[PDB]
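There is one chain below, alone, in structure tokens, taken in the form solved without the named molecule.
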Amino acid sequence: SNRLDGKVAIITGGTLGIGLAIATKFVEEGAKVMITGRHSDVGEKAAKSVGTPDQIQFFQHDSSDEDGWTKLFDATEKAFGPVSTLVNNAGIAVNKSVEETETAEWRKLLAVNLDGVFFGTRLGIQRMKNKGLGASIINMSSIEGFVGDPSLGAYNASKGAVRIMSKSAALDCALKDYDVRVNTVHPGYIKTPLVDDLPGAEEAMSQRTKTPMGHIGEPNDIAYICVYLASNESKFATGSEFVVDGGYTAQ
């Protein structure tokens, strides 16, 4: 298929669930991939499960670690050549209302979900601009970038922030002829091993008052829209939100 011929992608939080599915489809479409995660044990296994080191490698990194971003770009370029594609996918959740959010929980979530995406987007523009790469930055949001959830206060703040920051970056890149696109992807509920580990979670998410399709998605649902956005097929798409949510936000 070779829809990502010659592309070199960094995928943060690429060792599990949505990130791992994006990495898998990226390799299948001819991209070279560097996945990140916090745990070397999980990360090296994940890279090997997808392909050989000529196709995909692992780099241990917390996306909240500003200095580590420089080392991640350097390692990816050393392995595969200049980075063309960044998927800011690393994220954490706090299951608290705004009212019940402790300040430490607030700061920890924003460090990964907002500062991390800022650090990646900023360095991505700096390193990928003006190189004829057809560069693409895909900032992972969720439906929680569009609608509130009473028990995801900090999460909602982080997703709203990434949603509009990404538009700012898309515009600056476009106006400066940088050859860098910036778009957001907004998954609804997605079935992962982590969802499977919480009894009744998928059933609650599958109720029609949540997901009109009456079931939740799979990681490949998000992988396929990321292939489109990483590919030159989407060369006129910038500053846009792409929602894949089983109808969640349509009602």
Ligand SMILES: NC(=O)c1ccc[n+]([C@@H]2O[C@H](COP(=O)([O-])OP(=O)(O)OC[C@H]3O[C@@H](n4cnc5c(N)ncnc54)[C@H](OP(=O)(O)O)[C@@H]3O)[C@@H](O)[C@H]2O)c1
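Each residue number is its position in the shown sequence, starting from 1.
The same protein also exists as the form deposited with the named molecule bound; that form is not shown, yet it is the one meant from here on.
In this form the binding site remains open, since the named molecule, overlaid from its pose in the deposited bound form, puts no atom within 2.4 angstroms of a backbone or C-beta atom. If you check the named molecule in the deposited bound form, you find a heavy atom from every one of 37, 112 and 198 within 4.5 Å.
Heavy atoms of residue 93 reach within 4.5 Å of the named molecule in the deposited bound form, making it an interface residue.
In the deposited bound form, at least one heavy atom of residue 62 sits within 4.5 Å of the named molecule.
Taking the partner from the other structure, the named molecule in the deposited bound form has a heavy atom within 4.5 Å of a heavy atom of residue 194. The named molecule is not drawn, but in the deposited bound form it has no heavy atom within 4.5 Å of residue 237.
Contacts between stretch 2-30 and the named molecule, counted in the deposited bound form as any heavy atom lying within 4.5 Å, involve 13, 14, 15, 16, listed in sequence order.
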